[PDB]
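Protein chains in written order, with the deposited numbering: chain C, 6 to 19, 21 to 57, 59 to 123, 126 to 198, 201 to 264, 266 to 308, 310 to 332; chain D, 5 to 57, 59 to 121, 125 to 264, 266 to 286, 288 to 332, 335 to 341; chain B, 4 to 25, 27 to 60, 62 to 175, 177 to 286, 288 to 341; chain A, 2 to 122, 126 to 332, 334 to 341.
Each remark here refers to the structure printed beneath this line.
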Amino acid sequence: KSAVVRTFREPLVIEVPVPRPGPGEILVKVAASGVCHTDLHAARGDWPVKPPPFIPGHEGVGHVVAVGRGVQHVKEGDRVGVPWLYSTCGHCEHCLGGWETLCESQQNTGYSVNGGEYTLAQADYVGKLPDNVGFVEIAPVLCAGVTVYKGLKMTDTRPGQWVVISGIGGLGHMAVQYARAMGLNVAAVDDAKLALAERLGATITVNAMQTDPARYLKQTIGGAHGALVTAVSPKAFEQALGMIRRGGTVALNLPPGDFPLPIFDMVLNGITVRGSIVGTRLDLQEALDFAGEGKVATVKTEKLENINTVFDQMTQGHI
Amino acid sequence: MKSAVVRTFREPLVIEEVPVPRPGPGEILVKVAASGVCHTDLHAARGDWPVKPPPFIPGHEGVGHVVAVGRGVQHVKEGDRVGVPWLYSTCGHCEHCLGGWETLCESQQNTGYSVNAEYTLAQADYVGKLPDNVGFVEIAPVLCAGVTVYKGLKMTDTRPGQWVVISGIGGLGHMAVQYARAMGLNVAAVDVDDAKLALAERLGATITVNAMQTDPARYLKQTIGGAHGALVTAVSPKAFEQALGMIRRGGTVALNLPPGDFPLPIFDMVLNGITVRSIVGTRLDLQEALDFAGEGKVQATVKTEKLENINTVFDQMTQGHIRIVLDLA
Amino acid sequence: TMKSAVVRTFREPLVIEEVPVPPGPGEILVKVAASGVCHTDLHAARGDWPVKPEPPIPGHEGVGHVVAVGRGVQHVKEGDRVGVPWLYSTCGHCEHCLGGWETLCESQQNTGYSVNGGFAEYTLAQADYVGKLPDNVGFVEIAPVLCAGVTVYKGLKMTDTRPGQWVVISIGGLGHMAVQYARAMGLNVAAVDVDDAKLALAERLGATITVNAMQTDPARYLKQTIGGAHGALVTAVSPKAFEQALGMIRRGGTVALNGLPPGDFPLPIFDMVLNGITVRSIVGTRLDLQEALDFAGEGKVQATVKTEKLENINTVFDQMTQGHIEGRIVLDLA
Amino acid sequence: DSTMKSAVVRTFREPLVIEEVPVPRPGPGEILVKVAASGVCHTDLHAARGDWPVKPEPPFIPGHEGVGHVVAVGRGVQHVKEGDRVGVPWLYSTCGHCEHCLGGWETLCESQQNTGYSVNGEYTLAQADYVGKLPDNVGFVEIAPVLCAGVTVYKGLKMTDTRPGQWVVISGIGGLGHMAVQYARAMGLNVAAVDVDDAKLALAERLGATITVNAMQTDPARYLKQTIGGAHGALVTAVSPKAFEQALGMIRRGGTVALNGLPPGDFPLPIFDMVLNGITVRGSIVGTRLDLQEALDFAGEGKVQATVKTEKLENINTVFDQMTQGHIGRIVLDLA
Ligand SMILES: [Zn+2]
Ligand SMILES: [Zn+2]
Ligand SMILES: [Zn+2]
Ligand SMILES: [Zn+2]
Ligand SMILES: [Zn+2]
Ligand SMILES: [Zn+2]
Ligand SMILES: [Zn+2]
Ligand SMILES: [Zn+2]
């Protein structure tokens with residue numbers, strides 16, 4: 006029994023048979039799936055790329072139960088997980104160039120497949138988890154952690170520089186942990204989440220309600236090298252745009269709004285604006301290595318029965 | 005010596021005789037032979053910016070002969086063919102300066118803006137040694153146009169053998185085509201004037217497309233499958249959305266300065282992982299562009315004018331019929 | 004069932020014999037027209053490398070028409086004009102594999118060494134490690150790119166050189183490809199080949215500077231004209247050309263080495279560490296190969312080869328150890 | 002102020018003469034700085050022997066690792082104030098015109114003037133644009149070992165093309181070794197120490213070295229190929245043929261070998277294993293001003309702290325002999 010979406014904007018229905027795996031495929035008993043905004047947003051079905060009934064979740068981890076034909080590397084019982092990436096075309100320039108996250112023919116778990126008691130995934134797109142970190146602990150890495158690490162690595166930032174993380178959400182606190190493990194200096198925007208970040212290794216904290224972030228960073232850091240925007244809102248977007256020094260990189264981690273962007277201030281200051289959706293297998297494995305090295310989350314455990322309500326809570330903003 | 009100056013903003017420049025000052029330590033006085041015209045010049049004359057400049062001698066695109074050297078000058082001799090770029094001087098202390106990114110120096114002094125024809129003074133370490141075989145009018149438009157284009161191409165993270173679009177073949181457009189072809193790339197032209205399109209095809213453009221006749225985004229997505237880089241010379245909302253759409257997943261938009270806040274759908278960018286970025291290049295950039303011009307791989311097409319008809323030229327710029337260079341000879 | 008030449012024993016002639024043409029799941033067998041001749045091929049016959057093959062077919066440079074598809078192959082169609090590179094297959098699991106650096110996979114299978122080569126008219130290869138050739142360039146024309154061309158393109162890409170800089174090529179067949187490739191990449195190039203017949207050919211290919219190491223000194227010349235080069239792609243790796251290449255590079259420049267001689271070469275870190283010289288690789292990845300293929304199909308790269316028959320293969324190897332060979336050779340299947 | 006007694010090289014392979022010398026007056030764009038503590042490098046000794054083809058012109062006062070107070074400013078000096086805590090690096094001056102200079106690669110300027118070689122190093129004169137602003141909370145003796153050792157280390161690490169979270173070997177734990185460990189751990193890497201001295205190895209393990217290995221007791225290459233599967237980078241401080249072969253072997257396919265020392269040997273290179281494995285071998289002597297300032301930021305961040313012994317100028321000459329004996334831990338000359 007699993008939760009499935011029959012129709013969009015309609016509550017998920019709770021028994022389906024666990025299908026047999028074909029050649030080069032894997033059936034994995036789910037131990038803990040993670041909740042993403044991608045999940046809710048797929049559930050509403052309001053996206054240009056729309057997902059027949061299917062099962063959400065791209066953040067599932069567990070034990071290997073069934074292997075397909077031709078499986079030689081993954082053994083039955085390995086602690087592994089299934090990321091947003093289900094499968095790529097392996098033929099496009101992105102795929103063949105270690106940029107498979109941009110494959111046009113990518114199949115995404117929970118969208119183009121039945122995402123995360127047993128889930129089927131291709132053996133070459135599953136992540137080997139560390140042998141000493143609980144499955145609930147590795148859960149946010151399948152989407153949040155790896156996207157953060159991909160953005161941070163895409164912020165063209167050398168160790169020992171300054172980076173802003175706008176909005177300390179789940180992605181926020183993972184981003185702080187990772188940047189500190191990457192050997193950078195960090196700054197962010201709830202005063203309690205600020206305090207949590209300061210305890211996490213944030214060298215600077217600033218509430219945008221109390222004071223102005225741009226002037227502060229311009230009088231203390233002289234502009235930051237990178238800005239990782241977890242919570243993309245117009246206010247935090249202008250703030251990010253301003254908080255960066257000349258030539259710095261603003262990384263974006266997906267509301268449907270068209271945001272005004274000054275073509276003057278950027279060209280003058282040479283600010284580069286990147287966007288990062290999810291990391292690759294390599295990124296995923298490194299993020300897992302950083303988690304297993306104990307350098308990196311705080312999540313709340315819930316039951317399948319409470320899945321629908323959680324989505325409602327997500328719409329209310331109480332999370 | 006008589007020179008044109010801005011007495012007041014939005015007011016025609018007065019041609020008034022001005023004294024040629026004496027160069028101090030580390031300064032050089034240079035006979036101007038030909039200055040080049042940028043939209044930066046007109047826009048500085050109107051002074052319509054939070055960073056406003059009076060009275061100031063315009064032009065950041067002047068070239069000529071070394072006449073007077075300062076005290077302590079050892080490398081540049083009296084009589085060298087040199088030019089003076091948009092960069093007049095930097096602070097040499099900020100991390101941009103010390104990191105070979107001096108074009109981003111907070112305390113940069115800009116020629117024709119923060120400083121002042126016939127004879128101009130410049131700091132000896134911010135002047136570009138031009139090639140000894142290319143005419144002064146020919147190398148003149150590179151000081152801003154050429155080097156900014158070359159810095160944008162270098163800023164597009166594009167390896168040789170890939171595809172790049174040039175939205176609007178202006179002066180900067182044809183300079184960009186020449187430079188990208190000398191860089192060993194594949195190019196496309198979105199200029200809306202079929203005659204400029206034909207000129208680009210004659211320059212080495214593998215693809216040409218008028219945005220009025222057909223849609224560029226679908227065309228490039230059905231032929232090239234999206235381009236790796238997009239260098240926007242003429243930044244307009246129409247050319248901006250088409251530029252955004254012309255890029256393949258993971259590509260870079262290079263922008264070369267309208268006062269509008271442009272809407273951008275951040276969903277399509279983050280989803281496709283598109284990167285959006288070069289006002290002027292550094293000394294290195296300038297020298298490299300000059301080497302490419304002296305190798306005859308980049309030849310510009312300019313219109314020569316007299317100093318007296320400057321205001322008329324600005325009027326033409328505002329009128330939109332317009335690269336132009338003034339010839340002292 | 005046809006006739007093919009194979010290695011029975013090392014330093015012993017490849018004998019021809021009819022072999023059964025074996027098409028596994030997710031594998032592809034293609035009738036080959038391109039035979040590949042490389043130095044790497046010959047030394048597998050000598051087997052002098054510590055990593056030696058288990059007998060029995063050489064050649065990692067075969068191209069032709071797709072004949073047989075495996076089970077589950079959906080991208081490659083029967084009749085596609087394709088080729089098979091030095092890379093037969095990787096483990097697809099190591100960090101090199103997972104990071105688009107599959108040329109460094111520990112568990113790589115190489116064609117002509119760990120598997121059967123393109124010496125037979127028909128060879129089997131994994132569908133995800135074959136190169137789709139251009140639709141307008143002859144099989145004989147694209148054939149030497151499968152190893153020479155792509156190693157060159159990977160070396161140039163590994164010389165950390167921005168277009169409009171200077172690069173030296175120390177110019178055989180591999181060298182002669184390298185010149186074309188660098189000019190199409192938009193660089194300024196120089197030739198340290200010591201043969202004026204090859205030197206003039208390089209000047210005809212687009213080499214801006216040429217210098218014979220017997221007549222004059224290259225290091226002093228380049229330090230008095232270019233002031234040292236940014237990169238040096240060494241095709242023919244010999245101690246003399248090694249010292250020369252090292253000296254010809256400017257401060258901070260990159261030394262590219264392509265050959266594989268069995269010598270331990272003296273190199274003083276005084277010269278390198280003082281000048282900050284970086285010394286770097289051969290055989291590119293799938294992306295690299297495809298790039299070289301695009302460069303050839305754009306007509307910017309055109310090899311010069313001599314066509315031979317399969318039967319004379321040992322003769323060719325013999326001539327190769329004799330040193331009278333200069334310029335790549337592709338045996339025909341017409 | 003006044004004028005003061007200083008140690009100088011009269012002739013090569015001959016002990017330094019301690020004799021009173023003038024404090025020269027700084028011209029336009031020049032600076033006179035009170036010396037508070039200089040650091041001792043192998044570059045100094047090797048310049049004293051003068052055994053390099055690039056030989057200096059005697060007399061010349063060695064030491065490229067001096068820090069202290071700004072005393073006199075030149076004409077046109079506007080950024081550095083009289084009394085700033087600054088230091089003078091191996092780099093005295095560049096030509097500011099060559100492509101290396103113009104491109105923020107001034108460390109390779111053909112016309113570079115080096116302190117302690119082409120110029121001298126109680127008071128030293130230096131160019132105002134090639135001096136390092138020290139952190140405002142670190143003693144002079146503490147920042148002294150960074151001027152050549154630390155910044156060359158940080159430049160080598162930056163020259164090892166290593167992303168954070170990878171593995172790097174440090175061959176030989178000298179002064180530069182322990183500085184390298186400190187920097188790599190502050191850079192967020194995983195480290196290994198092939199120091200053969202088990203006690204300095206233990207110090208490295210105390211510094212944050214995840215792995216330690218004595219090459220006398222065990223084989224390093226086999227160990228790293230069975231534990232890490234080869235390291236991404238190898239920073240060689242103490243360059244000897246044995247540790248050179250070891251470094252070459254310790255790296256995984258495609259890794260980068262960084263070299264710090266400068267022995268006069270011509271070293272064999274088996275380019276077959278390198279070409280096979282695609283190994284890159286880069287040489288790196290010193291960082292630039294940017295590098296230097298960053299290393300100082302890391303020291304002022306309290307993330308880097310060297311261990312040095314303070315000695316007197318009178319026994320500096322003796323120290324040279326101690327180094328030739330190999331009984332030498335970084336050494337700093339105090340002037341309290
Ligand atoms: Zn998600
Ligand atoms: Zn794909
Ligand atoms: Zn301009
Ligand atoms: Zn500055
Ligand atoms: Zn070969
Ligand atoms: Zn592998
Ligand atoms: Zn030193
Ligand atoms: Zn210089």
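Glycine included, each C-beta is placed from N, C-alpha and C at the ideal position.
May I ask which residues mark the beginning and end of the alpha helix (DSSP H) holding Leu103 of chain D? Position 98 of the second sequence holds residue 103 of chain D. Under the DSSP assignment, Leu103 of chain D falls in the alpha helix (DSSP H) whose first and last residues are 100 to 103.
Candidates C:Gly51, C:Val68, C:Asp325, C:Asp52: closest to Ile147 of chain C by CA position: In the first sequence, the residue the question calls residue 147 of chain C occupies position 138. The candidate whose alpha carbon is nearest that of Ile147 of chain C is C:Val68.
Between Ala73 of chain C and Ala132 of chain C, what straight-line distance do the alpha-carbon atoms span, to the nearest angstrom? One-based indexing of the first sequence puts residue 73 of chain C at position 66. One-based indexing of the first sequence puts residue 132 of chain C at position 123. About 11 Å.
Taking its Cβ as the centre, do 16 or more other Cβ atoms sit within 10 Å of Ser175 of chain A, making it buried, or is it exposed? Residue mapping note: residue 175 of chain A aligns to position 171 of the fourth sequence, counting from 1. Label assigned to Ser175 of chain A: buried.
Among all the DSSP beta bridges, which residues are the ones paired with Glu333 of chain B? Numbered from its first residue, the third sequence carries residue 333 of chain B at position 326. In the DSSP secondary-structure assignment, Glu333 of chain B is not bridged to any residue.
Could you name the residues whose beta carbon sits closer than 6 Å to any heavy atom belonging to ligand 6, keeping them in chain order? Answer in sequence order: B:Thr95, B:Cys96, B:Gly97, B:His98, B:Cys99, B:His101, B:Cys102, B:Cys110, B:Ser112.
Inter-residue Cα distance where the pair is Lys137 of chain C and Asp301 of chain C: As a first step, residue 137 of chain C is located in the first sequence; it is residue number 128 there, counting from the start. As a first step, residue 301 of chain C is located in the first sequence; it is residue number 289 there, counting from the start. So the alpha carbons of these two residues sit roughly 10 Å apart.
Are the C-beta of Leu294 of chain A and some C-beta of chain D separated by less than 8 Å? Here residue 294 of chain A refers to the residue found at position 290 when the fourth sequence is read from its first residue. For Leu294 of chain A, the nearest CB of chain D lies under 8 Å from its own CB, placing it at the interface with that chain.
Can you give me, in chain order, the residues of the region 66 to 92 of chain B that have a beta carbon less than 8 Å from any beta carbon in chain C? Within the region 66 to 92 of chain B, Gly77, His80 place their CB atoms closer than 8 Å to a CB of chain C, listed in sequence order.
List the residues of chain C that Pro168 of chain A touches, going by C-beta distances under 8 Å, in chain order. Start at 1 with the first residue of the fourth sequence, and residue 168 of chain A comes out as number 164. Residues of chain C passing the Cβ test: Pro168, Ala190, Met191, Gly192.
Give me the Cα-Cα distance between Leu252 of chain A and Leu273 of chain A, rounded to the nearest whole angstrom. As a first step, residue 252 of chain A must be located in the fourth sequence, where it is residue number 248. As a first step, residue 273 of chain A must be located in the fourth sequence, where it is residue number 269. Straight through space, the alpha carbons of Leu273 of chain A and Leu252 of chain A are spaced by roughly 9 Å.
Out of C:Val87, C:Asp223, C:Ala184, which one is the CA nearest neighbour of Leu207 of chain C? Mapped onto the first sequence, residue 207 of chain C falls at position 196. Minimum Cα distance to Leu207 of chain C is reached at C:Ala184.
Apart from the five residues on each side of it in sequence, which residues of its chain come closer than 6 Å, Cβ to Cβ, to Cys152 of chain C? Counting from one through the first sequence, the residue named residue 152 of chain C turns up at place 143. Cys42, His65, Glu66, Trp91.
Measure from the alpha carbon of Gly179 of chain A to the alpha carbon of each residue in A:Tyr127, A:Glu100, A:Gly265, then state which is nearest. Residue 179 of chain A sits at position 175 when you count from the first residue of the fourth sequence. The shortest C-alpha separation from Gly179 of chain A is found at A:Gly265.
8 Å is my cut-off, CB to CB: does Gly287 of chain C come that close to chain D? In the first sequence, counting from the first residue as 1, residue 287 of chain C sits at position 275. It does: the Cβ of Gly287 of chain C has a partner Cβ on chain D nearer than 8 Å.
Short check: CB of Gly117 of chain D to CB of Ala48 of chain D, under 8 Å? Start at 1 with the first residue of the second sequence, and residue 117 of chain D comes out as number 112. Start at 1 with the first residue of the second sequence, and residue 48 of chain D comes out as number 44. In this structure, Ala48 of chain D lies closer than 8 Å to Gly117 of chain D by Cβ.
Quick one: Cα of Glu126 of chain D to Cα of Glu31 of chain D, how far? The sequence position of residue 126 of chain D within the second sequence is 118, counting from 1. The sequence position of residue 31 of chain D within the second sequence is 27, counting from 1. Their Cα atoms are separated by approximately 16 Å.
Tell me whether the beta-carbon of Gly84 of chain C lies closer than 8 Å to the beta-carbon of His70 of chain C. For the purposes of this step, residue 84 of chain C is identified with residue 77 of the first sequence, where counting begins at 1. For the purposes of this step, residue 70 of chain C is identified with residue 63 of the first sequence, where counting begins at 1. For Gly84 of chain C and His70 of chain C, yes; Cβs fall inside 8 Å.
Checking contacts by CB at 8 Å: is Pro29 of chain D closer than that to chain A? Position 25 of the second sequence, counted from the first residue, corresponds to residue 29 of chain D. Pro29 of chain D counts as touching chain A.
Going along chain D, which residues have a C-beta under 7 Å from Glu209 of chain B? On the third sequence, position 203 is the one that residue 209 of chain B refers to. Near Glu209 of chain B there are no residues of chain D at all, since even the closest Cβ is about 17 Å away, more than 7 Å.
How would you list, in chain order, the residues of chain C whose beta-carbon sits under 8 Å from the beta-carbon of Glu100 of chain B? Counting from one through the third sequence, the residue named residue 100 of chain B turns up at place 95. Residues of chain C passing the Cβ test: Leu294, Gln297.
Beta-carbon neighbours of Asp270 of chain A, restricted to chain B and to distances below 8 Å: Start at 1 with the first residue of the fourth sequence, and residue 270 of chain A comes out as number 266. Those are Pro272, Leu273, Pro274, listed as they occur along chain B.
Let me know if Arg293 of chain D comes out buried or exposed under the rule of 16 or more other beta-carbons within 10 Å of its beta-carbon. On the second sequence, residue 293 of chain D is found 283 positions in, with the first residue counted as 1. Answer is buried; the Cβ neighbour count reaches 16.
Taking the C-alpha atoms as reference points, what is the distance between residue 58 of chain C and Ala197 of chain C? For chain C, the structure lists 57 followed at once by 59, and that leaves residue 58 of chain C out of the model.
For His331 of chain C, count the other beta carbons within 10 Å of its own beta carbon; 16 or more makes it buried, fewer makes it exposed. Which is it? What you label residue 331 of chain C is simply residue 318 of the first sequence in a count that begins at 1. Exposed, because fewer than 16 other Cβ atoms sit within 10 Å of the Cβ of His331 of chain C.
Please decide whether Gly282 of chain D counts as near chain C, where near means a Cβ-Cβ distance under 8 Å. For the purposes of this step, residue 282 of chain D is taken as the residue at position 273 of the second sequence. Among the CB atoms of chain C, one or more fall inside 8 Å of the CB of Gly282 of chain D.
For the region 137 to 154 of chain D, list every residue whose C-beta sits within 9 Å of some C-beta in chain B, in sequence order. Cβ contacts with chain B: none found.
If you draw a straight line from the C-alpha of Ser39 of chain D to the C-alpha of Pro245 of chain C, how long is it? Along the second sequence, read from residue 1 onward, the residue named residue 39 of chain D stands at position 35. Along the first sequence, read from residue 1 onward, the residue named residue 245 of chain C stands at position 234. So the two alpha carbons sit approximately 43 Å from each other.
Take every Cβ of the region 233 to 242 of chain C, pair it with every Cβ of the region 201 to 220 of chain C, and state whether three or more of those distances are shorter than 8 Å. The region 233 to 242 of chain C, when compared against the region 201 to 220 of chain C, does not touch it at the 8 Å Cβ threshold.
Strictly below 7 Å CB to CB, what residues from chain D border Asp165 of chain A? As a working note, residue 165 of chain A is residue 161 in the fourth sequence. In chain order: nothing, as chain D lies at least about 17 Å away.
Would you decide whether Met278 of chain A is buried or exposed? Buried here means 16 or more other CB atoms lie within 10 Å of its CB. For this step, residue 278 of chain A is matched to residue 274 along the fourth sequence. Counting other Cβ atoms within 10 Å of its Cβ, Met278 of chain A reaches 16 or more and is therefore classed as buried.
Skipping 5 residues on each side, what residues in its chain have a beta carbon closer than 6 Å to that of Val200 of chain A? Within the fourth sequence, the letter at position 196 stands for residue 200 of chain A. If we look at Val200 of chain A and ignore the five residues flanking it on each side, its Cβ neighbours are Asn218, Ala219, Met220.
Tell me which residues share the same chain as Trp106 of chain B and place their Cβ nearer than 7 Å to its Cβ, disregarding the 5 neighbours each side in the sequence. Translated into positions along the third sequence, residue 106 of chain B becomes position 101. These residues qualify, in order along the chain: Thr292.
If we call anything under 8 Å between Cβ atoms a contact, is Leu129 of chain B one with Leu33 of chain B? Numbered from its first residue, the third sequence carries residue 129 of chain B at position 124. Numbered from its first residue, the third sequence carries residue 33 of chain B at position 29. A contact, by the Cβ cut-off of 8 Å.
What residues from chain D crowd round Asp301 of chain A, counting only those whose CB sits closer than 7 Å? Here residue 301 of chain A corresponds to residue number 297 of the fourth sequence, with the count starting at 1. None at all; the shortest Cβ gap to chain D is about 11 Å.
What do you get for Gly334 of chain A, buried or exposed, if any count of 16 or more other CB atoms within 10 angstroms of its CB means buried? Taking the fourth sequence and counting its residues from 1, one reaches residue 334 of chain A at position 329. It is exposed - the Cβ of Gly334 of chain A has fewer than 16 other Cβ atoms within 10 Å.
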